[PDB]
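In this analysis, Cβ positions are derived from the backbone assuming ideal geometry, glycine residues included, and neighbour counts consider all displayed protein chains. Computed from the coordinates by the stated procedures, all read-outs in this text should not be read as laboratory data.
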Amino acid sequence: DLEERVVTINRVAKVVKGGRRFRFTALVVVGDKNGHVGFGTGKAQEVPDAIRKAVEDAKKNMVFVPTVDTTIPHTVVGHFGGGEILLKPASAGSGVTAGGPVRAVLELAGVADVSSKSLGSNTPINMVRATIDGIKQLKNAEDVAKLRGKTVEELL
RNA sequence: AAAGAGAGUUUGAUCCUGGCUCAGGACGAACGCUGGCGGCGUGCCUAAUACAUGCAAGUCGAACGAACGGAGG
Ligand SMILES: [Mg+2]
Ligand SMILES: [Mg+2]
Ligand SMILES: [Mg+2]
Ligand SMILES: [Mg+2]
Ligand SMILES: [Mg+2]
Ligand SMILES: [Mg+2]
């Protein structure tokens, strides 16, 4: 299946000679606890329509998270735009410590032991983009062992 | 083995930079409302300002000076 959570909704405007027109832009993070997660944005005159459009957008750009032993294999840093998110492994039973959007994306991804810090701006969309970007350069022991032509025991 | 949570605020709406404020912990603490008990601790942070009253450094007859029972008269 696919579970979704709403992050934020913002009312944006645009000026015309007859006044102004407003509409809502909604950010939605979808994912399942198997290790798949994604984010999306929607825009509509009504909030539920924006949520539905954001969900449909998020369903099209899913990614995967390596979650060996329910923990990030190694620390990484995202760098998208003006946001910075640092993710590092945590011990078993430590829970998840993160900011709002980062907590949402990590919880929907499926990880249970990870600690993160925000080192940049606090704009939610840039925070989510930075978190996903940091998730990009994750690694698995088997994959790097195959890349370097050796076994896991030799590498670890 | 250890390993870090953010929020509000400049705009008609944005994205950055930047300051201000708040969410936590600790006192030899003080003030306000209130107040049942037990154990263990702490109590002039200011005037090293001025001091009633009492006690805190004396002891050795094995180196040289006591009343009584009591020799004797
Ligand atoms: Mg797009
Ligand atoms: Mg505040
Ligand atoms: Mg009191
Ligand atoms: Mg009282
Ligand atoms: Mg008591
Ligand atoms: Mg003193």
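Hey, any hits in the stretch A:13-20 for a residue that's in contact with a strand residue (DSSP E or B) (Cβ under 7 Å, 6 or more places away or on another chain), more than 11 Å from RNA strand B (Cβ to nearest atom) and hydrophobic (A, V, I, L, M, F, W, C)? Explain how you work it out, then say what you get.
From the stretch A:13-20, those in contact with a strand residue (DSSP E or B) (Cβ under 7 Å, 6 or more places away or on another chain) are A:13-14, A:20; that's our starting set.
Subset that is more than 11 Å from RNA strand B (Cβ to nearest atom): none.
Scanning the stretch A:13-20, I find no residue that is in contact with a strand residue (DSSP E or B) (Cβ under 7 Å, 6 or more places away or on another chain), more than 11 Å from RNA strand B (Cβ to nearest atom) and hydrophobic (A, V, I, L, M, F, W, C), so the answer is no.
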Please go through the stretch A:6-33 and pick out each residue that is surrounded by 14 or more Cβ atoms within 10 Å (Cβ to Cβ) and basic (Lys, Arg). A:23, A:33
Residues in the stretch A:14-57 that are farther than 24 Å from residue A:138 by Cα and assigned to a strand (DSSP E or B): how many? 16
Among the residues in the stretch A:112-123, are any within 19 Å of residue A:75 (Cβ to Cβ), among the hydroxyl-bearing types (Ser, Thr, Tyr), out of contact with any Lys or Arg (no Cβ under 8 Å at 6 or more places or on another chain) and surrounded by fewer than 23 Cβ atoms within 10 Å (Cβ to Cβ)? yes
Just for the stretch A:127-149: of the residues that are over 25 Å from residue A:1 (Cα atoms) and in contact with a helix residue (DSSP H, G or I) (Cβ under 9 Å, 6 or more places away or on another chain), which one is farthest from RNA strand B (Cβ to nearest atom)? A:148
Residue A:6 - would you say it is of a type outside the set (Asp, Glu), within 16 Å of RNA strand B (Cβ to nearest atom) and in contact (Cβ under 8 Å) with a residue 40 or more places away in the chain? yes
Going through the stretch A:58-113 in order, the residues found to be within 12 Å of RNA strand B (Cβ to nearest atom), assigned to a helix (DSSP H, G or I) and within 23 Å of residue A:1 (Cα to Cα) are A:69, A:101, A:102, A:103, A:104, A:106, A:107
